[PDB]
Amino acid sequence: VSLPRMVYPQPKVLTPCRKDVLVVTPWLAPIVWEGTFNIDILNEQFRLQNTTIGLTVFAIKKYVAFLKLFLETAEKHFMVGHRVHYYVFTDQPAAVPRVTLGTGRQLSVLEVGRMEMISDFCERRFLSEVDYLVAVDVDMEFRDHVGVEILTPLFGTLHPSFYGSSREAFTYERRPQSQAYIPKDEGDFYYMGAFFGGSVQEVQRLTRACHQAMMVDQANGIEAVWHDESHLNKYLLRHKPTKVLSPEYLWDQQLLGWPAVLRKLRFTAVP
């Protein structure tokens, strides 16, 4: 379906987008930084498709306390204008705060007794209800725009502690006995487990692969150094993401401040 007439600044072929950061991977996936995208064009493209975005979040034991701020700030900043379906996985349904949602946005509480829950228990439901799935940690708040610029078949996010690091310095799983093993001469980026996503199909593929690999590891009596993040990094090494999010999308201002390369701090650790 065709875009309408739109008036915006002409793109400049002979002006680099950013001169301080890498804005495309070697497999031609965009790295999403402020300045790289026109949100009006992207909003049009995804609205024309009636895009629904599922956000999955696990809130277990004491973590239920982070829900009110997480959801309230998501309402202000996450996919505003688009259909959103929050999926809150919790051991305490009654402790889920009653947060007021904007039109076209809904929340489902799913009681638990992450990779098995997305791939196994919820597969049919997600294919039916949403176009994209995003998995994030609950102990976080949105502080600025997180929108459809992220949407793509499969994305990972640059871990804020490692985005300038050498691949040798990445905390990948280094034991050859683990399915998550990555040697010191391999690796593109260190992706944080706290923010990944993509189409429902690609996210189920990923969570199925991870879950199967983790069970192998367990049967072999080994546990990856950083658990499902270790597995996520292996998967994204072998199945390149179609977009990568800059650390604007997963930051910790207390730990890391507000450096020059970040024009916006969008989604952050709660102290």
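Throughout, we count residues from 1 along the sequence that is shown.
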(request) Scan the PDB entry between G113 and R114 and report the missing deposited residues as one of none, 1 to 3, 4 to 9, 10 or more. (result) 10 or more
(request) Could you check the entry and say whether 54-62 or 242-250 has the higher mean CA B-factor? (result) 54-62
(message) Please compare 188-196 with 164-172 and name the stretch with the higher mean C-alpha B-factor in the deposited structure.
(response) 164-172
(request) Sort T152, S178, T157, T73 by C-alpha B-factor from the entry and give me just the highest. (result) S178
(request) Name the one of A95, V130, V138, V148 with the greatest CA B-factor according to the PDB entry. (result) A95
(message) Using only modelled residues of the chain, where does the Cα B factor of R125 rank: lowest third, middle third or highest third?
(response) highest
(request) Just say lowest, middle or highest third for the CA B-factor of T15 relative to the other modelled residues in its chain. (result) highest
(request) Using the B-factor values recorded in the entry, state whether the Cα atom of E229 falls in the lowest, middle or highest third among the modelled residues of its chain. (result) middle
(request) Within this chain's modelled residues, let me know which third the CA B factor of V80 belongs to: lowest, middle or highest. (result) lowest
(request) Consider only the C-alpha atoms of the modelled residues in this chain, order them by B-factor as the entry records it, and name the third containing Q45: lowest, middle or highest. (result) lowest
